[PDB]
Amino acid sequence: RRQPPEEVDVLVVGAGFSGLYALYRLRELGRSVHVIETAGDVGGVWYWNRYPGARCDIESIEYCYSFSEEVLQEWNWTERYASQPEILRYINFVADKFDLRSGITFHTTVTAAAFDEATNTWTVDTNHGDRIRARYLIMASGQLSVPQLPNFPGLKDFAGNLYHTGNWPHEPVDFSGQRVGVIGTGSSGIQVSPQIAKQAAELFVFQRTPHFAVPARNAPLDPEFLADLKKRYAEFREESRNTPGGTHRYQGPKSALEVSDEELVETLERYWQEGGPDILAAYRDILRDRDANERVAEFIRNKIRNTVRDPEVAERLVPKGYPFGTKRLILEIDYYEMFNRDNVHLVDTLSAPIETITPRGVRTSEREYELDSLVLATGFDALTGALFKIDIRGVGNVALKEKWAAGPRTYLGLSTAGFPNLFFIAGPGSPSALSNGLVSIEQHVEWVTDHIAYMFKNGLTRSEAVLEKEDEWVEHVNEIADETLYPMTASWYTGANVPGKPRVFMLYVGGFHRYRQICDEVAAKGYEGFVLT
């Protein structure tokens, strides 16, 4: 409804944390710049993923922008880990303060883009038939999206109230008096279920694969601590930029294999009581050594058995057969304790898979469960899912989707050869999802917008990764992943392992500070490994 321009220096796709700061920084650099966004307003995942209990897994004081001193001083975070509604208020504040919505077209989806060698510009199409010409195209389209899979058979026949964590109602849902089922126990399930358990007459949790989760120990943020922080906030964030994960997480010196059982328990118990994801770096080899991971995993398995009263239920909740911490660590608030309530029932759908959703509830091989309400607590698509929905055509009319079918091929995760003037923010080939996202997002946005300012300053109009450096980068990302446990998790690859065909690991796991040094050296040498004309 705000009409997009016919021509612009830079077109940004997406208005979450990434896209908003791209828009802002490009305005400040003196460029013309516009955003296209599917949703009705700003916030990205914090706008669309609004189920009760949705909460960030990184501390509030770390998971924020640092580019504006006034923002840092004006915003008052209220809790140790911020809720989705509070994050969304923060993002809306940033957008209101800097008048960013004047540069955004909402309710609009980019459907295709192709590059014109004659003009060195992209022509971009949308689902309202807009056609936009942009010199540069910035994909701020995110890592998480709705999976592209049919639902459980029979879902549409359910006769009660049906809710999706991925599209939760805007007004609050009261489950008082109700028999409620939750299907899925990844991130959304673990976060939403204890909130539902507070209200429901009965809650059935349908679990397929059990996931690891550790206690949040969420707490109000001491105002006095926040005031001290604000006096040195800039020094604090420059410390965060100088770590492997983009936060103040203590780095664990010892091997988990070298301590006595006694020392291990004493160390891991301190982390369990403190809460949060810092336990991932309790020891140095948790993600490097099969035996060392299994040790830390076993302690967490025992905490689950200690918490849940019924030993048979406890054992069903115990994750088995796959490594700990090779995905972002889920923080839980009374999720294990929940199973001690008399009105909460775990249904193990590995023993008895779901046969069908029925008008009455859920049928497995053992029995029907009658429900008044059903909640689908869905997981997420592959990290490349959003991008693959757009028909992106580069040199030779080649589809990005075809080129990246064995895994995303990029130079520094920022650009791909054959697709000039196209940049990816916090996506594949970079630290992205395995680090404090806001630290990664700001580093990318600064690098890409500074690069784009350099082009205009030097009279250049086309920027493209060199094919050889892209091949070297992909190989380098594989080589360092192959020294870790991350490759045991199939979901970091696109498609199955096939002899005689390449396979690309999704992300750079060498550490944020290392990655940043690499990018800074590339920029300082005049964009070594890009071809600028």
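Residue numbers here begin at 1 and follow the sequence given.
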query: Given 279 to 287 and 208 to 216, the range whose Cα B-factors average higher in the PDB entry; finding: 279 to 287
query: Residue stretch of maximal mean CA temperature factor, 146 to 154 vs 440 to 448; finding: 146 to 154
query: Out of 316, 179, 97, 295, residue topping the C-alpha B-factor column of the entry; finding: 295
query: Deposited CA B-factor, highest of 76, 123, 421, 84; finding: 123
query: Third of chain Cα B-factors occupied by residue 234; finding: highest
query: Cα B factor band for residue 487 (lowest, middle or highest third within the chain); finding: highest
query: Chain thirds of CA B-factor: placement of residue 245; finding: middle
query: Residue 42, C-alpha B-factor rank within chain (lowest, middle or highest third); finding: lowest
query: Residue 389, C-alpha B-factor rank within chain (lowest, middle or highest third); finding: highest
